[PDB]
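Take a look at this one chain, the form solved without this ligand, written out in structure tokens.
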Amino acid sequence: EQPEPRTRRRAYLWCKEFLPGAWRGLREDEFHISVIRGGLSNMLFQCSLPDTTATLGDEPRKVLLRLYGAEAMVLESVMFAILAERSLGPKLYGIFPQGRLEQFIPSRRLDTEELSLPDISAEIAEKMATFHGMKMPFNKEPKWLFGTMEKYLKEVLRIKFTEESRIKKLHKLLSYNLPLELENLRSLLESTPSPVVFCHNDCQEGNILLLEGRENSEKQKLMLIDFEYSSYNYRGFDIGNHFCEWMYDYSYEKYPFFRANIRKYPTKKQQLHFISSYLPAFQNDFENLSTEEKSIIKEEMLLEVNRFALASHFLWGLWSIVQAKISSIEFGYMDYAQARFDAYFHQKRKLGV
């Protein structure tokens, strides 16, 4: 797909002015661009040199253009630049009011089923442990989790839908008495020790790259991307959120445009495999501990992450209701909220909370 003529010309100018080497001498009529993701906001394009133009230094031959569309920008930009310097995320080539030029990384995204592959899960754990070791210049108070759940709750209780099915669905969702349940959840998570770390906060399969050519490689075949929700937070949340994502498939091509399967949440066996990879990646002298000491740490982690997984359901369930009101993307947001709340109570029953 080709962009609007206007966009082609703005993109040409950004590449010409922000990129070194052959980009500086490029003629408009040899500039290549294609739409990766359309929409009104956060549009993605691939921009590239012609095959007939040689690289003059180490300028990239292909780049990703991200267009914003329609304080948060300061923090997002700084975070992205820092992660790029530290080689955790894609390189940053250009920043401007309308968007960014980022490294283009040949890859495809993982699907839901691939999250359960032992080899894949172990590397996700290592990548997340590496991400959790980042020191960042942002607020280190863990206010994000309940701060955000409270804000969303307030928004949800003020929604006035007009469409009949959404009115009905919301009435069912609010019938549980969410303020009390949120404060019971707050109570439980307060008594659940969990270190505050820099978390991704959105570790779903759609945010993990399987790097081109590395498919048959043992380690180092993945990259975590899309950091826009990252913040200091309880470690249990990041891991528990990721576990939740085993159950949801966003590639269903018919309404409600997702599939939920409770039976696909990781077994305790599968969780153990994941945390056994996470721990030595997070605390490097971990392997030097006695089998007994490692076992205690692992057991306590299992309880931590499964309690925090409840906050993933509660948060994204509320989030989804808000989206049903304010979004414009075709997706069964109310049905999705119901699925998250269904899982909240199912898991709560199983915990004995």
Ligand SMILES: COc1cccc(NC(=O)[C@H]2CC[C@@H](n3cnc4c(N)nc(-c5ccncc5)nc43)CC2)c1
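For every residue, the number given is its place in the sequence shown, counted from 1. Definition used throughout: the rigid core is the maximal C-alpha set that superposes within 1.5 Å between two forms.
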With everything overlaid on the rigid core, name the stretch, 155-163 or 233-241, whose CA atoms wander farther on average in 9 other deposited structures of this protein. 155-163
Core-aligned, RMS over all structures and residues: is 209-217 or 196-204 the stretch with the greater C-alpha displacement in 9 other deposited structures of this protein? 209-217
Of 271-279 and 164-172, the stretch whose C-alpha atoms average the higher B-factor in the entry: 164-172
If you average the CA temperature factors as listed in the entry, which stretch comes out higher, 229-237 or 72-80? 72-80
C-alpha B-factor winner, where the candidates are 91, 242, 200, 214: 214
Sorting the chain's modelled residues by C-alpha B-factor and splitting them into thirds places residue 31 in the middle
For residue 311, return the chain-relative third of its C-alpha B-factor as stated in the PDB record: lowest, middle or highest. lowest
Using the B-factors in the PDB entry, rank residue 262's C-alpha atom against the chain and give the third, lowest, middle or highest. highest
Using the temperature factors of the C-alpha atoms in this entry, rank residue 158 within its chain: lowest, middle or highest third. highest
Going by the recorded CA B-factors, say which third of the chain residue 326 sits in, lowest, middle or highest. highest
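As for the form solved in complex with this ligand, it is not shown, yet the points below apply to it.
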Within 4.5 Å of this ligand in the entry with it bound, counting heavy atoms only, one of 108-116, 176-184, 265-273, 128-136 shows up; tell me which. 108-116
Identify, from the list 26, 36, 302, 289, the residue with a heavy atom within 4.5 Å of this ligand in the entry with it bound. 36
From the list 104, 282, 243, 93, which entry has a heavy atom within 4.5 Å of this ligand in the entry with it bound? 104
Report whether the minimum heavy atom distance between residue 260 and this ligand in the entry with it bound is within 4.5 Å. no
Answer with yes or no whether residue 196 is in contact with this ligand in the entry with it bound, where contact means some heavy atom within 4.5 Å. no
How about residue 66 - does it come within 4.5 Å of this ligand in the entry with it bound, if we only consider non-hydrogen atoms? yes
Using 4.5 Å between non-hydrogen atoms, is residue 297 touching this ligand in the entry with it bound? no
